[PDB]
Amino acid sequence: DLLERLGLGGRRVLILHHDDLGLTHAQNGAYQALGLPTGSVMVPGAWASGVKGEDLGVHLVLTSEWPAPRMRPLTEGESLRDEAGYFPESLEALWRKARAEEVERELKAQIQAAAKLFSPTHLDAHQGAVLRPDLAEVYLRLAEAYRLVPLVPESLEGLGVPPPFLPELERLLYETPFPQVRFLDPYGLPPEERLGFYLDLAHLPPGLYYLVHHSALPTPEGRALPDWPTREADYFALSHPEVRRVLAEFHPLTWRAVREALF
């Protein structure tokens, strides 16, 4: 239906989405190098203010998992920090303690700060931290309020949602006027199979797909991150002429385009 109103009905369309921009110099590096429009920036990242592009969104953050670099909240609510004053290292920690009003403040802050740095087009969430029903409600409400399109998957099977969340999630997912995407995450999959993952996209039937990558340049700074092998594999696969050819087979779509059509 969305594809319909974009006159793209029946086509295979692809939103290729670069995550975790602003987190390291290497990530921004890859974003610059790769030449593709779409990503979202982590406003608390040190390099958040080093990124520029045509299809940029705000990657909302409420957790900081790595030993380093770590990020700190913008606002001063206690429920959001753990306890060097960084965001919690795990979702479990977050979901157990964060109060909704404190979260909402923090996200409002993140969005407004972003809007001082590029023109945000969309909104999504690192580690799907907005998965607590509670917050998911905040997330969608915010997206509407700021006229930014949120990332909504068609189904939440395979996202490891905690089961007690399902009933209410399913609930407002079903109730949302927002377009849903067919979600794809090659994160979790072994680095050496990444190439083949991207090459196999050639086999997908028509439909609107959302594929996320975490490309980072191979760098000493980058290798301080535990998941670097998977971040580099994204980067090399995307630069591989075969993959570039496969990707060309999709009509490429930006959130900017989608936003024009909803707001």
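All residue numbers refer to positions in the sequence shown, first residue = 1.
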Item to complete: Between 158-166 and 140-148, name whichever shows the higher mean Cα B factor according to the PDB entry.
Response: 158-166
Worksheet item: Looking at the deposited entry, does 217-225 or 192-200 carry the larger mean Cα B-factor?
Response: 192-200
Worksheet item: Say you rank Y31, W66, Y209, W47 by Cα B-factor from the PDB entry; which sits at the top?
Response: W66
Worksheet item: From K108, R72, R99, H122, can you pick the one with the highest C-alpha B factor in the entry?
Response: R99
Item to complete: Going by the recorded CA B-factors, say which third of the chain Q112 sits in, lowest, middle or highest.
Response: lowest
